[PDB]
Ligand SMILES: *[C@@H]1O[C@H](CO)[C@@H](O)[C@H](O)[C@H]1NC(C)=O
Ligand SMILES: *[C@@H]1O[C@H](CO)[C@@H](O)[C@H](O)[C@H]1NC(C)=O
Ligand SMILES: *[C@@H]1O[C@H](CO)[C@@H](O)[C@H](O)[C@H]1NC(C)=O
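Protein chains in written order, with PDB author numbering: chain F, 26 to 103, 143 to 509; chain F', 26 to 103, 143 to 509; chain F'', 26 to 103, 143 to 509. A prime marks a further copy of an entry chain.
Following this line, the structure appears as structure tokens:
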């Protein structure tokens, strides 16, 4: 895939093109079970050091079970649960009489199995750990007699290893109120995640997509605690379904565009708004304003449509003609001429004002470009760093072509006296209407 | 408890009522000690594999102690320490001569004990781990001779288990500069937290409150590292005291309210401000603007009054009459007609504008409601999802009654030509004064 | 070092002086290697419990290696990688043919060694764990025969201890997409960090600085995963270089300054902007607007110049004469008279308006000061807490001198009718120009 960039000198903005999308649009919920042992404390006259170690690890198991019990009594309403609703609906089904018994029956002979619930949905269940078999077969003959039988040291170690995953899951669920994200390897192993991806009702190319970006899949997944009941600990893992694939995505970068007059206080500034990620989606454009809502791998963007706005496709015309009537291209105005830089995908935008020392250097050649007052841009081809004031930015060394689109900075088309200088989220046409109304008070005079 | 909702069509806002409060107003500090062993490295000609394992775990203990020492030399001033002041004041007392010796004496025979410090306060101390007894009784006869005695394999395992909590506490305190929140099970066990709640000078009903929401108590607690001195590692756990209980709490939801003219650029928008949590508190209302400052369980809100504003009780009249002179009901204005949705507690607000496809569906029936241009609302009774553009929101399936309060959208009472379209944090009466002043420039003409 | 404060009654702002700087200006990258064992699964008829435990831990090692392999295929472009560029450039060199073989040769006999790469830079390499020697010497004679040899129980335990660090590093790198910050003790031990500081090409006083603030150094460091290839797991640790040292730093605190008229809706408010940390840097001032970008220890501020603005040194004149023409001192305006408090370094600013109950108390004396309507200040000398409405703030008990600089609140110099009441990021002179233009519409009438 070819990554390209376009800096528009007229609007002090740059667009990084050539990225492919992966937008989350659905959820695939799955039930994860850990078969537990319903045991009560048993006392046999014991003093052997091995017996002591076993009883110690067994108390750590019983506290973990009671901790999971007090965790499942309190079921969280933290937030709008608008992104976990899919799994919360499964937990409400699991609380029905006979349903934990149902999953207990389907996973009686195999580890994984599809189960048709009574509410309806066809969930895929897994048995990832079997403590009921281990405690009842290897541990009860040790503690459930008049006098304790003596266990071998291999057993002490094997029980600390098996019980460890239960303890770590109780630790995470206790500090996070039953909802964890990302989903850790304790909640779901890479082997278990990959087998769960392979068993999903998705296309073969989409299974390849999730398997090559398992870390992004974990960051976009949730683990919700359901119930501990009748020797079963169940929790739902909610994995992302990417309904939008291989669509064009671009990233808009904006920087303040001011005039460069020599008398401070006589300068006016304009900045394009809505910087961030844009992706073509179902005849429209899905816009992502928060910076942390999109993880990028290679040329592919992984966004959650949960935190997007839906805009008309004409919003891209702000990149080719900011003055085009098909779309009201919004700006913000000020008189705050502070220098800054934006590291883009293939270069750097620099807004230099005042006495600020703006420059672009190569590690071995030194300063190769000095920016003047105004908004400018430099490609990463031959540039390693950019210094603005006392701050040094590193340029991304990604391969791609940059295009410098020359044009008059549009801030020069504005008369300063009638400029609206405190506008946040203003349209180009809105600013023009405030200027036409301010021109009428002068028309009479 | 009955959860109810009221959508006000006139102001594009909804109020979720019936929630009970738990506001944090005080702190209960407590001293947590780990009795350590003042040992220096001891060398005996040793090569036995068991002796090697013991010396390895002992070096991990000595590095943990030196790591805690370099952690306590640097005492943080990170932030205004305005919420840890209560515990920082105890750490300054612990540094006095004889005070670590005092706690060392009170916990000489029992694990928990109340101690009257020299500064004054009556703190409750605990001994959660005893490494001085274990290292000096089970380990020194092994390393403090000419030739090492041979330890049994149970001892190697018991020492890795006991030393583990010390190592994990040093790990958390090293990456977090001595202040951790929430308070982990390593800092304080659920058994230790529950016993600490039971031993607190609080009402019996309030102990029941903290014991049923231990995960929320952990998220609202702090663990502060004090000192390692004279075979004692001490750190203060600061637990929340909820001075406001069972008060009425409601959640205000707001969404943009625009006109629906057919020519873009001729539309004006209004949005109610100060969305969030409101709770009755001491004759006033405690308002919480940040979303993460309130954890909800069932019908109970758990807020920290540290991040609240105090407002007059007349602020609720913005919910019944936005035009009421007893309180200046604030709005923000714009010309940005972008579609969005808000998932409320019992339904969903939808602001639909332009060509956006807004709809509300049931999983098995399909589309059951199409929203028109404007601000509207749908209850969760029969609705599962709401789609706005390319985004799908899930509706909370919580039981409750919704009330649709019909009324003319107030944005229609405004003449567009004289509307103030860039107002952030503006009052209703403030906007009316800008309109009366803009009406005077037209009165003469 | 003497900490001092100055509250300016005229502008409702306070300045905390006497702090020394440590600004991050460079990066020191270092290569961290873990020598691994290229083994494939080996099967010998085995049933001994010790053999089973060893094969279990060996599968956990092989899954960790395959997990690191799928982690290094996906190389992240998450963000602008503008702060990890230095290490990402080293990872691209490590991928060259013969370079992992080069580091494998330089660390063949010693643990640490400086290596001149082919790209150029002179990196310092370390071998922190040696699994190739341990697996090939202690484990292969156990699994690579016709029938398995029987290992001793000390070996089972020693292998779970050595393999543990590899597993924890794979766990962190899997959930964080190869880039972790802060740098944990698993990524780099305190002993390894301190030895790495001692071996750095920095001044001896600067090594003392980083060694006494290792927790701040970890919070300002990055760990980047490079490659697993040819029995080598390599990742770069990027440590901060503090180019600005012992410079003057002050903290600006601002609070709303309103008029105290008795009729609500007739009041105007002004607040100084750009609150935060200021440090002298290279003839200018480095300003830090985000609150979490500066960690404070004692009297020293540790900032990253990556998130700073560079301002002229005349910006300090807003603290002595807000009306001074050398610098355009910016304010924001509103009519939102909401009470609040700011805990400063040596006292507290209180903006009290309306019916709000503002007070300052001592724990044992009770209320010692009642604030009137307006903006006021109290030193921490004799004050423990400050209550504003239903909120109680704790005052920092740091030793220092406070100075109350009396002056007329400048909001009283403004005629309310012509005040600009919706100004964000406005200069003093900008507001005066809007008043001169609004005075001309009245001049004719
Ligand atoms: C300003 O007036 C001119 C006509 O004189 C018109 O072409 C233009 O569209 C107007 N702009 C706005 C924003 O109303
Ligand atoms: C506008 O003027 C009318 C009187 O003509 C008055 O009733 C109203 O309160 C005024 N509004 C403001 C905000 O001053
Ligand atoms: C306002 O006018 C006076 C002269 O009458 C001048 O001294 C002052 O600088 C002007 N202020 C601005 C902001 O233009």
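Yeah, the Cβ is synthetic: ideal placement off N, Cα and C, and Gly gets one too.
Which whole-angstrom value describes the C-beta separation of residue 386/F and residue 475/F, a residue pair presumed to lie in contact below a C-beta threshold of 8 Å? As a first step, residue 386/F must be located in the first chain, where it is residue number 322. As a first step, residue 475/F must be located in the first chain, where it is residue number 411. Their Cβ separation, rounded to whole angstroms, is 11 Å, which puts residue 386/F and residue 475/F out of contact at 8 Å.
Segments of 3+ residues assigned as beta strand (DSSP E) that fall wholly inside the segment 432-483 of chain F': 438-443, 449-452, 455-458, 465-469
Cβ-heavy atom distance, residue 493/F'' to ligand 3, below 7 Å: Walking along the third chain from the start, residue 493/F'' turns up at place 429. Yes, ligand 3 has a heavy atom inside 7 Å of this Cβ.
Nearest candidate by alpha-carbon position, reference residue 77/F, set 220/F, 371/F, 88/F, 323/F: As a first step, residue 77/F is located in the first chain; it is residue number 52 there, counting from the start. Nearest option by C-alpha distance: 220/F.
Closest residue to residue 250/F' among 261/F', 237/F', 262/F', 241/F' (Cα-Cα distance): Taking the first residue of the second chain as position 1, residue 250/F' is located at position 186. Measuring from the Cα of residue 250/F', the nearest candidate turns out to be 237/F'.
Less than 8 Å between the C-beta atoms of residue 158/F'' and residue 290/F'', yes or no? For the purposes of this step, residue 158/F'' is taken as residue 94 along the third chain, with counting starting at 1. For the purposes of this step, residue 290/F'' is taken as residue 226 along the third chain, with counting starting at 1. Yes, these two residues count as a Cβ contact at 8 Å.
The beta strand (DSSP E) enclosing residue 388/F, as first and last residue numbers: Stepping through the first chain from its first residue, residue 388/F is reached at position 324. Careful: residue 388/F lies outside any beta strand (DSSP E) and carries neither H nor E.
Short check: CB of residue 410/F' to CB of residue 444/F', under 8 Å? Working through the second chain from its first residue, we reach residue 410/F' at position 346. Working through the second chain from its first residue, we reach residue 444/F' at position 380. Result yes, Cβ atoms of residue 410/F' and residue 444/F' sit closer than 8 Å.
Quick one: which chain F' residues come within Cβ less than 7 Å of residue 398/F''? Within the third chain, the letter at position 334 stands for residue 398/F''. Per Cβ cutoff of 7 Å: 489.
Are the C-beta of residue 457/F' and some C-beta of chain F separated by less than 8 Å? Counting from one through the second chain, the residue named residue 457/F' turns up at place 393. Yes, contact with chain F.
Within 8 Å of any Cβ in chain F, is that where the Cβ of residue 353/F' sits? The residue given as residue 353/F' occupies position 289 in the second chain. No, no contact with chain F.
With DSSP run on the structure shown, which of helix, strand or coil describes residue 151/F? Stepping through the first chain from its first residue, residue 151/F is reached at position 87. Here residue 151/F sits in helix by DSSP.
Return the bridge partner residues of residue 268/F from the DSSP annotation. One-based indexing of the first chain puts residue 268/F at position 204. Residue 268/F is not bridged to any residue.
Going by Cα to Cα distance, which pick from 315/F, 503/F, 301/F is closest to residue 144/F''? The count along the third chain starts at 1 and reaches residue 144/F'' at position 80. Nearest C-alpha to residue 144/F'': 315/F.
So is the beta-carbon of residue 426/F' under 7 Å away from any non-hydrogen atom of ligand 4? As far as ligands go, the structure on display features ligand 1, ligand 2 and ligand 3 and does not contain ligand 4.
So the candidates are 427/F, 486/F, 402/F; which of them puts its Cα closest to the Cα of residue 421/F? One-based indexing of the first chain puts residue 421/F at position 357. Nearest option by C-alpha distance: 402/F.
Run through the segment 240-314 of chain F'' for me and flag every whole alpha helix (DSSP H) of 4 or more residues, listed as ranges in chain order. 254-262, 268-276, 278-283
Tell me, please, whether the segment 500-509 of chain F touches the segment 240-255 of chain F' by the rule of three or more beta-carbon pairs shorter than 8 Å. no
What does residue 221/F' touch in chain F if you count any residue whose Cβ is under 7 Å from its own? As a first step, residue 221/F' must be located in the second chain, where it is residue number 157. Residues of chain F passing the Cβ test: 78, 220.
Would you say residue 282/F'' reaches chain F', if we count a Cβ-Cβ gap shorter than 8 Å as a contact? Working through the third chain from its first residue, we reach residue 282/F'' at position 218. It does: the Cβ of residue 282/F'' has a partner Cβ on chain F' nearer than 8 Å.
So, are the CB atoms of residue 246/F and residue 285/F less than 8 Å apart? On the first chain, position 182 is the one that residue 246/F refers to. On the first chain, position 221 is the one that residue 285/F refers to. Contact: yes.
Alpha carbon to alpha carbon, how far is residue 356/F from residue 369/F''? Residue mapping note: residue 356/F aligns to position 292 of the first chain, counting from 1. Residue mapping note: residue 369/F'' aligns to position 305 of the third chain, counting from 1. Taking the straight line from one Cα to the other gives about 21 Å.
Does the beta-carbon of residue 366/F have 16 or more other beta-carbons within 10 angstroms, so that it is buried, or is it exposed? Locating residue 366/F in the first chain gives position 302, where the first residue counts as 1. So residue 366/F counts as buried.
Any contact between the segment 288-308 of chain F and the segment 146-156 of chain F? By contact I mean 3 or more CB pairs, one from each, below 8 Å. yes
When the Cβ atoms of the segment 67-87 of chain F are set against those of the segment 196-208 of chain F, are three or more pairs found closer than 8 Å? yes
Would you mind giving the Cβ-Cβ distance between residue 93/F' and residue 234/F', rounded to the nearest angstrom? I have them listed as a contact below 8 Å. Walking along the second chain from the start, residue 93/F' turns up at place 68. Walking along the second chain from the start, residue 234/F' turns up at place 170. About 6 Å; that satisfies the 8 Å criterion.
Is the Cβ-Cβ distance between residue 415/F' and residue 425/F' less than 8 Å? As a first step, residue 415/F' is located in the second chain; it is residue number 351 there, counting from the start. As a first step, residue 425/F' is located in the second chain; it is residue number 361 there, counting from the start. Result no, Cβ atoms of residue 415/F' and residue 425/F' do not sit closer than 8 Å.
Under 8 Å between the Cβ atoms of residue 343/F and residue 332/F? The residue labelled residue 343/F in the question sits at position 279 within the first chain. The residue labelled residue 332/F in the question sits at position 268 within the first chain. No. Outside cutoff.
Look up residue 183/F' in the DSSP assignment and give the residues it is bridged to. On the second chain, residue 183/F' is found 119 positions in, with the first residue counted as 1. DSSP lists no partner for residue 183/F'.
Relative to the C-alpha of residue 465/F, which residue among 395/F, 40/F, 487/F is closest? Residue 465/F sits at position 401 when you count from the first residue of the first chain. Checked all of 395/F, 40/F, 487/F; the closest Cα to residue 465/F is 40/F.
Residue 361/F'' - partner residues in DSSP beta bridges: As a working note, residue 361/F'' is residue 297 in the third chain. Answer by DSSP bridge pairing, in chain order: 101/F', 364/F''.
Would you kindly report the start and end of the unbroken beta strand (DSSP E) that includes residue 45/F''? For the purposes of this step, residue 45/F'' is taken as the residue at position 20 of the third chain. It spans 38-49 - the beta strand (DSSP E) in which residue 45/F'' sits, taken as one unbroken run.
Report the rounded CA-to-CA distance for residue 280/F' versus residue 27/F, giving the unit in angstroms. Taking the first residue of the second chain as position 1, residue 280/F' is located at position 216. Taking the first residue of the first chain as position 1, residue 27/F is located at position 2. The alpha-carbon atoms of residue 280/F' and residue 27/F are separated by roughly 49 Å.
Drop a sphere of 10 angstroms on the beta-carbon of residue 517/F'', count the other beta-carbons inside from all chains shown, and report buried for 16 or more, exposed for fewer. With chain F'' represented from 26 up to 509, any question about residue 517/F'' goes unanswered, as that position is not in the structure.
Determine, using beta carbons only, whether residue 304/F' comes closer than 8 Å to chain F''. Stepping through the second chain from its first residue, residue 304/F' is reached at position 240. Chain F'', which has no Cβ nearer than 8 Å to the Cβ of residue 304/F', makes this no.
Taking the C-alpha atoms as reference points, what is the distance between residue 485/F and residue 397/F? In the first chain, the residue the question calls residue 485/F occupies position 421. In the first chain, the residue the question calls residue 397/F occupies position 333. Using only the alpha carbons, I get a separation of about 5 Å.
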